Amino acid sequence: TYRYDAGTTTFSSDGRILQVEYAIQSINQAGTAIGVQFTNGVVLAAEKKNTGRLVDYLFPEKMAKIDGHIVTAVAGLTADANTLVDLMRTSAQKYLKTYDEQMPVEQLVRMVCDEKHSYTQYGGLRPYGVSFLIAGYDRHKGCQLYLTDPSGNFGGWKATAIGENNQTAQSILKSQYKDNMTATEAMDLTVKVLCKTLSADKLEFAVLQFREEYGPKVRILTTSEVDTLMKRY
Amino acid sequence: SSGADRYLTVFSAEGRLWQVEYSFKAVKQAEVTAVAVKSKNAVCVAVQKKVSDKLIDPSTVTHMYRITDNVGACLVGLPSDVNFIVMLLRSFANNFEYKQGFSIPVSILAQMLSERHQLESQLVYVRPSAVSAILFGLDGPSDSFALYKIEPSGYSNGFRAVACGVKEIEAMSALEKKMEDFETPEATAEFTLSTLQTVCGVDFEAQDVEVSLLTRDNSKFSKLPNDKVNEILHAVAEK
Amino acid sequence: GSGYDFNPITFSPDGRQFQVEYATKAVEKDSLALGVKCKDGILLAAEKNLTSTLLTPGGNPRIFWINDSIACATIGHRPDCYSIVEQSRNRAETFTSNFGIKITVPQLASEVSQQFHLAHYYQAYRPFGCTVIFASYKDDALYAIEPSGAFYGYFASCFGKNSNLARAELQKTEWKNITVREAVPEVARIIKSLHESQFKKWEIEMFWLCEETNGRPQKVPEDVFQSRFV
Amino acid sequence: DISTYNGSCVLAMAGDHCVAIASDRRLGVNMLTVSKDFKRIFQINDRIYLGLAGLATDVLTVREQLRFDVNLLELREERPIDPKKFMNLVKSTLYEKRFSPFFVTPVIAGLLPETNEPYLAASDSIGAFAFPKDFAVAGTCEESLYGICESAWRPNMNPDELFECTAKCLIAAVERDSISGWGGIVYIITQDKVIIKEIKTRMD
Amino acid sequence: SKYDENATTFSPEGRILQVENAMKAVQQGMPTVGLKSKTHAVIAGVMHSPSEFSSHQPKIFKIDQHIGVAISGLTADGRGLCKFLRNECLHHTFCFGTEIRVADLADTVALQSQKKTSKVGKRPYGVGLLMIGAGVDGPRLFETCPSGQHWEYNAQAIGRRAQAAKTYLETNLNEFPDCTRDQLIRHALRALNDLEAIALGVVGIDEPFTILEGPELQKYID
Amino acid sequence: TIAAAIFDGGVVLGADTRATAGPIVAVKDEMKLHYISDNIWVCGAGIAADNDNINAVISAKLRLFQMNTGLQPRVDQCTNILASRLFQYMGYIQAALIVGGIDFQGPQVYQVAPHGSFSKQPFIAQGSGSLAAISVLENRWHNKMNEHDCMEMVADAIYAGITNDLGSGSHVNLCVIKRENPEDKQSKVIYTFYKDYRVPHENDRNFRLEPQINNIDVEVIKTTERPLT
Amino acid sequence: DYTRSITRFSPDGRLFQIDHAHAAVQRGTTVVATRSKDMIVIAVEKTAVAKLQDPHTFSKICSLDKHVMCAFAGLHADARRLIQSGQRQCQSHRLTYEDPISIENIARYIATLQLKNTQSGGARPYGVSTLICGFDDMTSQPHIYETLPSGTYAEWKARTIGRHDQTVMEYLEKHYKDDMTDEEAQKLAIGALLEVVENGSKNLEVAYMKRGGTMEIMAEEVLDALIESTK
Amino acid sequence: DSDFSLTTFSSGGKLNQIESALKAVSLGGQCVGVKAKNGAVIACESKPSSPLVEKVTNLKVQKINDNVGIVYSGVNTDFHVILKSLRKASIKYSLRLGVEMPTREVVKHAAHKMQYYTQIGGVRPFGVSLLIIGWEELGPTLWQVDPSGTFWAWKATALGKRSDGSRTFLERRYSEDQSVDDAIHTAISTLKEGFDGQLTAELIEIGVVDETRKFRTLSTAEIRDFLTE
Ligand SMILES: *C(=O)[C@H]1N[C@](C)(CO)[C@](C)([C@H](Cc2ccccc2)NC(=O)[C@H](Cc2c[nH]c3ccccc23)NC(=O)[C@H](Cc2c[nH]c3ccccc23)NC(=O)CCCCC)O[C@@H]1C
């Protein structure tokens with residue numbers, strides 16, 4: 001009967017999928033996740049959703065390694081973000097299995113975004129209320145950072161920010177982001193943006209770095225590493 | 001805010017499944033009360049038997065049901081839902097005996113009914129089956145009388161004594177106030193029928209109540225014939 | 001029902017299934033059909049208030065064959081009535097396929113109440129606006145399934161318009177102490193007494209499953225009882 | 001036959017806190033040598049190596065399905081898969097195809113994460129895993145390796161001695177197996193480094 | 001009104017308002033009359049004329065060699081029901097080698113429409129049928145309704161203007177049983193007042209079902 | 001060679017430890033006795049992977065059953081699940097199993113044939129050495145034999161298979177399902193696994209050329225070392 | 001599976017969901033496709049990109065096949081799905097028929113995807129208008145089909161989609177010529193987009209497919225030269 | 001049709017069915033968790049509907065596998081669904097990988113299932129929040145999984161009735177260097193603050209993952225000892 005159906009995959013008078021717009025709002029009310037693309041790699045830095053003196057910072061709530069060459073930061077619902085992270089990991093491994101090559105970052109982004117968009121356009125199910133900052137490396141586009149939203153729309157960003165106070169982080173990145181940054185410089189910029197738009201415990205970091213011989217490596221900074229990075233700032 | 005919470009099994013702003021509680025109300029619409037007492041030596045379930053016409057065959061107006069030869073089920077609630085849960089419990093027991101090779105325990109049958117009520121209270125397209133099920137019987141592996149009560153919510157719990165129906169609250173109060181580790185199956189049956197008679201407020205005759213007294217001598221489920229029920233009722237009237 | 005009467009799987013705050021009892025009202029609107037378990041058999045009478053005089057007198061059955069030994073009187077939404085009749089025939093056929101024997105009216109009643117219950121238990125279905133009285137003399141069974149799926153065996157079942165007065169009249173007669181042949185005049189008396197004068201031409205479709213029919217569902221011969229009335 | 005279609009010779013061996021896993025380098029199409037650069041031993045993780053003896057097809061299919069599985073497990077669990085856990089993963093992968101088995105036999109040579117103990121796990125095509133403490137053998141040279149290693153293996157072989165028997169005990173087997181050989185490669189996984197020594201076998 | 005949204009929703013008075021809406025669709029169809037005799041059955045229908053230059057859209061259809069249906073309501077629903085009827089006829093001939101009975105086809109149509117009303121998402125057939133068939137069970141006329149029920153009639157009138165035709169049939173109802181095929185066609189034509197717009201399919205215990213239009217019908221227009 | 005008999009207070013399962021890759025001993029210390037539950041063990045003949053996986057799957061099924069239902073798995077329950085699973089594979093899963101366990105119905109030994117047939121027997125021998133083992137079991141098993149007598153009998157049956165059957169060899173593993181208190185039939189069903197219960201000395205490698213003569217000279221084409229990271 | 005009639009007629013005879021998909025297209029960025037006898041030029045307005053946004057490999061222009069260019073206006077993910085289906089279809093046409101898919105055929109296929117979404121229960125319409133252009137053969141005239149969210153497709157001498165479609169289309173009509181050269185078609189598209197772009201060099205991108213060629217993005221230097229020549 | 005999500009974003013970007021399920025959790029009986037240095041504890045108020053209830057037949061503190069245990073606050077029946085799913089997932093994990101599912105993997109599976117029911121159509125979210133305790137390489141770990149499928153680790157927590165006051169009480173009374181004994185005492189104290197009337201051993205269930213890495217549900221006797229110690 002669809003009496004209580006919300007018509008999730010239905011346009012609104014303005015031509016917007018209301019469920020996708022509300023998912024975007026949910027993201028904008030979530031912890032800030034900033035991505036900064038430096039010379040060889042990308043620094044992702046997210047605000048943990050679940051913090052407090054009684055919370056145990058054992059795992060990255062928002063940072064999720066997708067593959068040896070791709071890491072992600074989450075803004076919004078960490079649950080459906082985890083679902084899409086599982087799908088992204090499976091897609092990267094399927095690409096590796098098919099081609100014996102690490103999935104190009106844009107293809108993994110396209111896959112997760114096609115999942116999101118399939119939820120926005122078919123099935124009458126709510127969209128994934130998560131925005132991903134997918135940092136990655138591939139031989140084609142070098143090191144990349146992609147911002148993906150619940151609509152399934154993604155774009156490459158040298159630097160960007162999502163979540164709470166994402167506009168302030170974006171403005172700070174515009175003011176201070178420079179090309180050809182070093183890993184240290186980009187980490188400092190991300191820490192500065194996070195602090196200016198918001199504590200090491202609450203914050204989590206992940207540096208993708210491409211070395212010529214070692215390849216692309218994802219390193220999600222632990223509590224102690226993030227504490228050291230914050231104290232450096 | 002849409003009104004799905006009050007018509008479907010989705011949570012309301014208070015986090016309540018309104019349809020589950022309304023299925024509790026539908027269970028109480030059965031207009032009958034069942035009192036089950038499980039002693040060390042026996043489990044007696046007595047459910048007052050109401051026939052609305054003299055033209056209805058009384059043998060068909062039942063709330064006691066054979067699920068397996070061992071497991072009985074006193075089902076209180078909407079007669080259609082009671083029939084559905086009788087056949088569902090029997091199918092659960094049959095599937096369990098086929099997969100596992102032995103008769104379903106009352107506990108596992110109660111858990112399977114709880115899972116059905118959980119899928120009713122979680123799947124919005126499935127109604128909560130308005131049946132309070134008192135599953136009972138002698139579990140051979142433990143050689144002890146299992147007595148589980150599964151609510152329309154699916155809230156399944158083993159009970160030393162339980163009640164269902166309209167006077168479930170009063171019957172439960174009487175059970176938890178006067179319960180004992182009765183020494184004989186006759187004592188268990190007397191207590192069950194006395195509790196049911198007291199909470200219902202009407203002196204019962206064998207026709208007016210179905211009694212299943214599963215003992216170790218007779219562990220197979222069976223409604224007590226009206227002569228044994230009459231003897232139990234006389235014993236109740238004896239004191 | 002303040003919104004609790006549109007979805008069949010929706011309980012009223014009081015636990016009522018409003019769609020189910022609306023189907024029951026559909027049953028109540030229909031002309032009365034009553035089965036009586038007699039000593040020689042079971043007699044299913046069904047009042048047929050011919051809305052149009054052009055209706056074929058020997059047609060528009062309210063009572064249907066389910067088996068060589070099971071008849072099904074129907075009350076209420078005629079589409080649902082025949083849907084349940086065909087589903088009961090299918091249930092009996094599937095029962096024979098699974099078990100090789102003929103289903104019994106109690107067991108057929110349980111299996112068909114399964115479908116009745118599915119109507120208001122799973123979404124996307126409509127409760128069956130019909131009551132079905134399955135009579136079998138082989139089984140000595142007269143089981144009526146109500147739209148809810150509540151099925152009960154009866155000594156004398158009756159559903160439809162004036163079904164309460166019909167039940168009261170059926171109480172006055174010990175059907176199991178009389179044969180179907182001598183129960184036919186009594187059942188016809190009851191139906192005629194409770195018949196509404198709004199219809200001048202009407203019939204009493206009377207089937208019986210008796211020793212005379214060897215338990216077979218047989219429409220009562222017109223010689224035994226003239227169903228036509230004007 | 002399809003099991004001998006690609007002649008294979010994989011030989012894991014236990015030393016003193018060090019494992020070896022050696023393989024013939026031949027890719028042969030039955031009696032034809034296609035390549036001498038075929039990789040049958042794959043690093044699963046820093047302390048797990050998988051020598052896949054059998055159909056080069058199934059060697060790559062199972063290596064890449066196991067890489068898929070291990071990469072997913074290490075992403076989800078954020079820790080390297082243990083040699084025992086990878087053995088169970090290989091067993092599951094091979095028995096998932098129980099009715100259409102891979103024509104590959106695995107030989108897992110690893111070091112246990114804590115004690116650095118050698119871990120050998122040889123299985124048949126469908127994951128029936130042995131856990132020899134001395135040596136695991138696989139491939140068309142299976143019986144040859146069994147005999148040579150049964151006589152040759154000694155406890156507590158240091159990485160040098162462990163490599164020496166892996167190489168000798170593999171050379172003897174491949175040089176009796178017509179369809180396997182054409183060079184060998186021995187991965188010596190010790191507690192701190194992996195030494196990949198390409199050994200000269202007969203090229204006939 | 002609020003209960004008039006689905007064919008699955010009963011109203012508080014135990015009615016399926018969407019079924020009644022499909023019924024009203026049928027009632028707004030062109031006049032269709034059916035008559036039954038001891039040996040022949042006839043369905044005469046005033047074929048709809050959407051325009052003066054449009055040939056009247058056929059409504060008297062040929063289903064089985066001895067069964068014909070006059071569809072009144074949604075023509076596309078009637079055509080889908082006729083495809084279903086052809087499937088049932090084909091399967092009956094396959095199984096038993098004999099022509100299915102119009103009573104059995106009416107039962108299948110009733111079941112199909114009842115299914116269309118017993119499940120959400122599917123809609124009652126806006127079309128109502130007058131199926132006449134002369135088989136082993138004799139000549140039989142059935143009015144199949146969108147609700148999923150059929151009525152066996154000696155005679156019937158459906159669609160617009162149906163009241164006058166129904167009254168005329170009632171007047172001569174007791175005549176029809178013994179009336180000759182030509183007499184039955186004439187009764188159908190009289191009961192069904194619009195000539196070219198009127199088709200008339202006649203079947204008999206012996207003769208197959210055949211449709212007469214205009215000139216073929218002139219011998220009986222009288 | 002696998003076997004399992006019932007003694008007074010429990011079941012003694014036993015198995016050789018040889019697994020054959022055709023005519024060659026693939027494994028000399030293979031584990032064929034597999035824990036299904038604390039009260040049920042299954043020894044297995046047939047395809048090694050088939051036995052391993054069927055035993056693991058039924059052990060997982062009964063572990064789930066005991067976790068959810070809280071009930072001790074029954075030997076007849078384990079046997080029924082194994083028989084149904086082996087039957088749905090029409091004998092393709094070549095696992096000739098002996099399920100030995102204890103439940104409320106006492107100690108039970110069942111055999112489950114690969115095709116899904118099953119049977120409760122006081123003593124069973126299955127595998128290529130099943131006939132040599134079953135001779136010992138036939139001539140030694142009696143009602144209400146004690147734990148040690150049944151241990152020795154089942155070990156001697158496995159050893160008969162080891163000695164006489166080429167498909168059987170190496171050691172005799174035993175498992176003894178009993179109750180922690182023989183007097184109490186409601187006492188906890190325990191199992192004691194005797195790994196290498198018999199290690200036939202005459203089956204040990206008697207000789208070994210310790211200074212292994214070797215004239216194969218290893219020539220290293222390439223050596224590359226990497227950190228173990 | 002979900003099969004709600006998302007797209008349904010309104011009492012006035014309009015499919016309001018198609019109208020909302022058109023609104024989504026309008027909120028999309030402007031594309032202009034122009035044709036010269038031996039060239040097809042698609043000029044798309046780049047969305048306002050900050051200094052922090054990578055301007056490469058995110059153009060609305062795409063190649064459905066070596067002979068089929070595509071550009072879109074509207075929801076980027078809807079258009080991504082349409083482009084994926086269109087490329088799969090071009091390869092499928094090559095598989096079924098040795099011939100490359102005709103521009104009419106591929107435009108029909110994409111418009112039929114949009115039509116199916118307007119007809120499929122539980123499927124939202126594609127909020128995407130697609131300018132699908134190319135050459136059927138070497139001797140075939142260049143084609144520029146425009147497929148709308150409604151699933152209708154029509155060939156155009158020159159067309160625009162997205163925001164400012166009115167203004168860009170008016171410019172095209174005022175400045176179109178029957179036999180424009182490659183340079184003239186490039187200038188037409190570039191000026192038509194220049195009228196409604198804050199910046200010429202930055203906000204504007206161009207991709208041209210010459211006869212017997214594949215999709216070809218304009219060089220920034222050549223694009224700037226054409227922009228300055230137009231102005 | 002069924003497969004339309006009844007959990008959908010509202011105008012404010014909030015899944016209102018998620019908040020409704022969290023409310024159901026907040027009326028679902030106080031459950032506490034406390035991470036010790038050498039273990040973790042999940043206690044919970046288990047006040048039966050009646051004294052006639054048999055406690056062991058429906059326990060809120062449950063074992064998912066040998067190393068992971070779980071308690072819940074919320075709807076008992078869909079907690080049992082989640083628990084069956086988690087035990088099945090850990091059994092599948094053991095079958096595939098030969099070890100019990102890691103604590104974090106059990107938590108991620110519970111979170112995935114809850115998120116699934118938050119996104120698929122025809123279903124409501126699970127009305128339970130789970131406190132899952134288990135060990136990991138770095139130490140004991142308490143985890144909370146919400147009806148939304150969002151999981152996160154905790155040092156101490158309360159989920160059910162009066163869980164805000166209980167969480168404040170844990171903030172005040174929880175310390176990092178607590179032992180398993182002290183964690184159990186802290187959990188009992190938190191339950192006492194969140195419970196009115198006499199808080200006895202029969203009214204609470206305690207599960208503990210201790211130095212042994214294994215989850216065990218403390219019996220009523222152990223709980224009595226802790227109350228009286
Ligand atoms: C006494 O009678 C004993 N006999 C032997 C043969 C045991 O050694 C059996 C029957 C035994 C059962 C068993 C159970 C659990 C673990 C191990 C062994 N059977 C085997 O060991 C089998 C024999 C076999 C092979 N094919 C069939 C078909 C029907 C019946 C029996 C068999 N051996 C195997 O399964 C091989 C094991 C193997 C081979 N290479 C290996 C390397 C490393 C580890 C294990 C290896 N596998 C195969 O032959 C491949 C089968 C592929 C099928 C698609 O036990 C009783 C007690």
Side-chain angles (χ1 to χ4, degrees), chain D residues 2-3 10-12 51 53-54 58 87 90-91 94-108 120-132 134-140 142-143 145-146 149, chain F residues 1-4 13-34 41-56 86 89 91-98 111-115 124-134 136 154 157-174:
Chain D
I2 198 67
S3 64
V10 175
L11 167 67
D58 288 335
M87 176 280 300
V90 173
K91 173 164 53 168
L94 297 185
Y95 203 85
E96 278 158 14
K97 303 289 157 275
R98 172 57 184 91
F99 319 124
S100 192
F102 294 116
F103 300 99
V104 76
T105 48
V107 175
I108 302 164
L120 307 185
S123 90
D124 57 358
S125 282
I126 51 172
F129 262 95
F131 316 106
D134 47 4
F135 59 89
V137 316
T140 62
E142 177 211 291
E143 298 83 316
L145 278 179
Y146 270 139
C149 293
Chain F
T1 310
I2 52 157
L13 309 92
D16 66 310
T17 69
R18 164 175 303 175
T20 45
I24 270 69
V25 181
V27 196
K28 308 194 288 185
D29 205 16
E30 186 64 301
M31 184 53 59
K32 303 171 184 162
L33 292 146
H34 294 142
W41 273 62
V42 175
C43 22
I47 294 172
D50 285 353
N51 296 283
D52 190 70
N53 186 265
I54 193 95
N55 293 327
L86 291 170
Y89 295 108
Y92 192 93
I93 300 309
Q94 307 211 43
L97 306 166
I98 302 176
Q111 74 91 29
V112 194
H115 279 81
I124 307 182
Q126 271 178 125
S128 52
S130 71
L131 275 54
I134 205 68
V136 176
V154 173
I158 301 308
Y159 182 63
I162 284 164
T163 306
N164 294 13
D165 189 62
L166 309 179
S168 331
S170 301
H171 319 312
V172 180
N173 291 334
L174 291 190

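Atoms within each ligand, like the ligands themselves, are counted from 1 in listed order. Every chain is numbered from 1 and lettered A, B, ... according to where its sequence line falls, protein lines coming before strand lines.
- Of the protein's non-hydrogen atoms, D:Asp124 OD2, 3.4 Å is the one closest to atom 48 (C) of ligand 1.
- In terms of modelled atom types and a separation under 3.5 Å, the side chain of F:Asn53 and the main chain of F:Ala49 share no donor-acceptor contact.
- The protein non-hydrogen atom at the shortest distance from atom 14 (C) of ligand 1 is F:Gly44 O, 3.0 Å.
- Close N/O approach between F:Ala48 and ligand 1 is found [any backbone or side-chain N/O within under 3.5 Å].
- Residue-level proximity to ligand 1 for D:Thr105 is absent, since no heavy atom of it falls below 4.0 angstrom.
- Within the listing of ligand 1, atoms 43 (C), 44 (C) sit less than 4.0 angstrom from a heavy atom of D:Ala130.
- Ranking protein heavy atoms by distance to atom 19 (N) of ligand 1, first place goes to F:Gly46 O, 2.5 Å.
- Every atom of ligand 1 is numbered from 1 in the order shown, and the set under 4.0 Å from a heavy atom of F:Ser168 is 1 (C), 2 (O), 3 (C).
- The nearest protein atom to atom 25 (C) of ligand 1, hydrogens excluded, is given as F:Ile47 CG1, 4.3 Å; this is a heavy-atom distance.
- Close approach of ligand 1 to F:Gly129 is summarised as follows: ligand atoms under 4.0 Å from at least one heavy atom of the residue are 1 (C), 2 (O).
- Remark: minimum distance from atom 52 (C) of ligand 1 to any protein heavy atom is reached at D:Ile126 CD1, 3.5 Å.
- Close contacts of ligand 1 with F:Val27, meaning ligand atoms under 4.0 Å from a residue heavy atom, involve 44 (C), 45 (C).
- For a threshold of 3.5 Å applied to N or O pairs, the pair formed by D:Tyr146 and ligand 1 contains no separation below that value.
- The two residues F:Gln126 and F:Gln111 make their nearest non-hydrogen contact at OE1-OE1, 2.9 Å.
- For F:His34, no nitrogen or oxygen atom sits less than 3.5 Å from a nitrogen or oxygen atom of ligand 1, counting backbone and side chain alike.
- Residue F:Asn51 has at least one heavy-atom neighbour below 4.0 Å for each of these atoms of ligand 1: 12 (C), 13 (C), 14 (C), 15 (C).
- In the model, F:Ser128 has a side-chain atom that pairs as donor or acceptor with a side-chain atom of F:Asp165 under 3.5 Å.
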- Stepwise side-chain contact (heavy atoms from CB on, under 4.5 Å) test for F:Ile93 and D:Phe99: CA-CA 9 Å; F:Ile93 300 309; D:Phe99 319 124; 3.5 Å; yes
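- Put simply, the side chain of F:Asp16 gets close to the backbone of F:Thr1: a donor and an acceptor are under 3.5 Å apart.
- The two residues D:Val10 and D:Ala53 have their closest heavy-atom pair at CG2-CB, 3.5 Å.
- Here the heavy atom of the protein found nearest to atom 33 (N) of ligand 1 is F:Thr20 O, 2.9 Å.
- Among all non-hydrogen protein atoms, the one lying nearest atom 8 (O) of ligand 1 is F:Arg18 O, 1.8 Å.
- In this structure, D:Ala128 has a heavy atom closer than 4.0 Å to ligand 1.
- Residue contact check: F:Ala21 has heavy atoms under 4.0 Å from atoms 39 (C), 40 (N) of ligand 1.
- Residue, atom and distance of the protein heavy atom nearest to atom 42 (C) of ligand 1 are D:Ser123 C, 3.7 Å.
- In this structure, D:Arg98 has a heavy atom closer than 4.0 Å to ligand 1.
- Within the structure, ligand 1 has D:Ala122 among the residues with a heavy atom less than 4.0 angstrom away.
- Residue contacts with ligand 1 leave out F:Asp52, since none of its heavy atoms falls under 4.0 Å from the ligand.
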